[PDB]
């Protein structure tokens, strides 16, 4: 009968038009567009405020990840991965293309110790604690890394990584990237905008190592829709791929086919990165959040609707430090050290979680999840 403590916001993730969070005390909640089943509540309604996903009550979820129009979650205790939302191309991993409006376990992953899950538009990848990788879903450009272009409705092991311990993966519209535990960087899938980092515009059906990395080992990678971001062991930030909207952050609109160091952030140590549809976010080790790219809907968070081709600091009340950031397609979410959650950008499906379905061009607090709401 003890008092229930205030819940810590542990994980935030954002998709094309939805948002999901994991809170301490074993609570998943979701909000935004629901038409495709991506919220997991058993209906197709949008939710403009965070709504508890009752089907995962008691399931001891440890992480959530959004794809464009689907969501994946996993439990370490239960050794179970769950998925729900749009089913086309096999992105949910159940052996069919059926849409799901409530979570269902990915039977093929039962009993596997999971390290990380990444979701792109229509494909997903799981990294195991041993550094093995399994992928499923859309594969028309090779993004599953299985050596062909056949969609896979169930997870399959990427045998190209046999003997290579993967640390994390990331996925965009139709490409995939990865870093190894010893700091190598890989790309595969759709290559047309240079977003694989391999120096050309050609697709790859299996992982290929990026060799121009500034001589540096890479600690993390993230994908936007058609761009890619990596951070080195020295905290330097690199971007590559499409920059039609300035999402590479180099002060122009030029694409880059190999990782290109973002020199304006050279004096900052980057600790977290995220990519949206046409925008980008990077969080420094001192809690400063920088955004850049397309800002039509205010998703950069700097109080206007002007695109930004160079990083600009996103400001929060009292300059409270940011501890986590996640880009959706046209919106952005962030958690601060005060256990507040903020959202900004496009809000017409309720994805900002602030009750009303309008756009915001600077951070707005999510009252349902925040101490200072």
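Positions refer to the first chain, counted from 1.
Mean C-alpha B-factor is higher over 157-165 than over the other stretch, the pair under comparison being 157-165 and 84-92. Relative to its counterpart among 328-336 and 37-45, 37-45 has the higher mean temperature factor, C-alpha atoms as listed in the PDB entry.
Highest C-alpha temperature factor among 177, 124, 108, 73 per the entry: 108. Taking only the listed residues 211, 274, 284, 299, the entry reports the highest CA temperature factor at 211. In this PDB entry, residue 357 carries a Cα temperature factor that places it within the highest third of its chain's modelled residues. Compared with the other modelled residues of the chain, the Cα B-factor recorded for residue 113 ranks in the highest third. When the modelled residues of the chain are ordered by their C-alpha B factor, residue 104 lands in the middle third. Sorting the modelled residues of the chain by their CA temperature factor places residue 187 in the middle third.
Per the PDB record, residue ranking by Cα B-factor puts residue 279 in the lowest third of the chain.
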